[PDB]
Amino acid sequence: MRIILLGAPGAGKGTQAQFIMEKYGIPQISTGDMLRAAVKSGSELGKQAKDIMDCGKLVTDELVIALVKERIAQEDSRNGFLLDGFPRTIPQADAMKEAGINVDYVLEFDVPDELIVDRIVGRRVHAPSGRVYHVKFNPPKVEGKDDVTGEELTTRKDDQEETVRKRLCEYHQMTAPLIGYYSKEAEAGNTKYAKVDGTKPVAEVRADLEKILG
């Protein structure tokens, strides 16, 4: 299974990926998460991505395209994978076609930018796993601590209210176009396309996916 999660910042993608990953045994490929910890090491394959990411801007296609091609290669991606955050641009999308990588589903996460900003404020994450929470909507059994590792949670540098704004705008301008892209790709039998309401509680959304995935 090869799936694409399309949607804006704070839409639920990270969260929903957990469920899916274990639900279908496919590796969760998250360009943002991967980029977060690539700079968290220094590695140029990262580093010069901290500034762009913190400013709310997008990383170059080349970079994420290369990053994903490598990731997909691994032996745990031979049975499929979950693309969360990629592709985020037509060039990244086309890059996949030239690569001949057909995708089973492209899930559209529908969420009003209005929720976004109230949603990313209370977002506390656990860097390493990608696992994420909300100090109100989806809290961890223990405050400031990861449920699985019990390791302390953090907050993203880029979750700054204003950067969140930029990020959203960036989305609607660069990524949003993929909604139309993959729709066409759908009206051409190159992938099954499906929208989801990301404003339901995590569990409700988790139901919708199950419903759409099996």
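Numbering starts at 1 and runs along the sequence shown.
Engineer: Averaged over C-alpha atoms, is the B-factor higher for 174 to 182 or for 33 to 41 in this PDB entry?
Structural biologist: Per the deposited B-factors, the answer is 33 to 41.
Engineer: Comparing average C-alpha B factors as deposited, tell me which of 43 to 51 and 185 to 193 sits higher.
Structural biologist: Higher of the two, by average CA B-factor, is 43 to 51.
Engineer: Please place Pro128 in the lowest, middle or highest third of its chain according to the CA B-factor in the PDB entry.
Structural biologist: For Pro128, whose C-alpha B-factor we compare with every modelled residue in the chain, the answer is the lowest third.
Engineer: When the modelled residues of the chain are sorted by Cα temperature factor, does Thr163 land in the lowest, middle or highest third?
Structural biologist: According to the entry, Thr163 has a C-alpha B-factor in the chain's middle third.
Engineer: Just say lowest, middle or highest third for the CA B-factor of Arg71 relative to the other modelled residues in its chain.
Structural biologist: According to the entry, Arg71 has a C-alpha B-factor in the chain's middle third.
Engineer: Report the third (lowest, middle or highest) to which the CA temperature factor of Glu152 belongs, ranking only the modelled residues of the same chain.
Structural biologist: Highest third - that is where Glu152 ends up once the chain's C-alpha B-factors are sorted.
Engineer: Hey, what third does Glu143 fall into on Cα B-factor, ranked over its chain?
Structural biologist: It belongs to the highest third of the chain when residues are ordered by C-alpha B-factor.
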